[PDB]
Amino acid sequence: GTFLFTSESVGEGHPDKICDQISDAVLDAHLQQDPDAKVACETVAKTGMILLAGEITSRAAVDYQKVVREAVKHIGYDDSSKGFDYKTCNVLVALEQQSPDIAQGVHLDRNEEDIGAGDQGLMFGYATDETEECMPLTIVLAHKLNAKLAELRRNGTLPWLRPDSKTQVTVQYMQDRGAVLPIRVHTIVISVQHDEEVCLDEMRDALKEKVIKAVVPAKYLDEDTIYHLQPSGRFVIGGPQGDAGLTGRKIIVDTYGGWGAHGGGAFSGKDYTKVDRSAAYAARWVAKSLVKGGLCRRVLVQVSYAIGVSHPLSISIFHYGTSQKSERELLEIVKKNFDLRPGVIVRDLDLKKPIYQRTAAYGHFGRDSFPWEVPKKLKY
């Protein structure tokens, strides 16, 4: 019955995650002034460069230089010694209006509740009772390891740390009628950018004692646990200088760490009319509602859309054997309790509110009691 499963996470200064955070800083800046902004903002990062590319139609007046640079400052890239500096980098903008053809087919002269999906696509939501926040333990731990690195960087106790980091956690599980039960942590990887002066032994000792032990309960660690700490041996070059970043290249980090499923759409830089984001948030809300409502211990939900059509084209449920009810019954409960038109999701989940930058690191789910994390009470 035992098996392994692995998930990863990345830090706030990982170059892909820099891009997600900038894209959502841009979205939030627009929504502050124009709650109905149409935003599709991609960010690209490489040595010395942030490029914004995409489509925005908005009544807001946004200072892209300021928004981008403040986001990079917050992340911690503030000096050439770290490989990137918000004060002196290049910010390039290639932004145009939303395509009139899209606008006319999606939202122009439509009642808000009846707006069309902003694209076709498929989206999934997942929940698991293995943690209180209904997320896989593998990714929860991976996220918390990156958060701990950022904490110890910012508080000055490990001043050799830089913002770019990756972590990976392999858990050994057992199973009970489709539910999954963590036993122990099998393997941990941590790679984090560092200054020129600190040695591998100092770093590896700190990563074990001040990072892993501060995050992972001792009951999951034993003599057999495998540690790969700074396994490349040197990580001085990092951030965009080490590796180009793009928006929407951490979509599994953003969601369920390999568990569940993914329909392919990125979240960051998009307003609620882009169902890649809004319907994935709603699908998480459905899944979590089913688990917290006691109908199943784990569940996967698929939805899909056509551009210009409000109601989903399909809805599907997979409960991994963890319900007494059939998947057909659960689907009927979902259909009776939820309205997954984007123009209704926006109301239920308050998706014109400018909170998106806070979603763009450490996962969109399982945190902070965002609206999609507050179960809906079900009637059945």
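The first residue of the shown sequence is 1; numbering continues from there.
Of the two segments, 196 to 204 and 246 to 254, the one listed with the higher mean B-factor is 196 to 204 (C-alpha atoms only). Looking at 363 to 371 and 17 to 25 together, the entry lists the larger mean B-factor for 363 to 371, computed on C-alpha atoms. Residue set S165, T131, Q120, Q302: peak C-alpha B-factor at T131 (per PDB entry).
As recorded in the entry, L108 carries the highest CA temperature factor of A279, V189, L137, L108. Compared with the other modelled residues of the chain, the Cα B-factor recorded for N146 ranks in the lowest third. Compared with the other modelled residues of the chain, the Cα B-factor recorded for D271 ranks in the lowest third.
For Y227, the recorded CA temperature factor ranks within the middle third of the chain's modelled residues. Ranked by Cα temperature factor within the chain, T57 sits in the middle third according to the deposited record.
Per the deposited record, the Cα B-factor of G308 falls in the lowest third when ranked against the other modelled residues of its chain.
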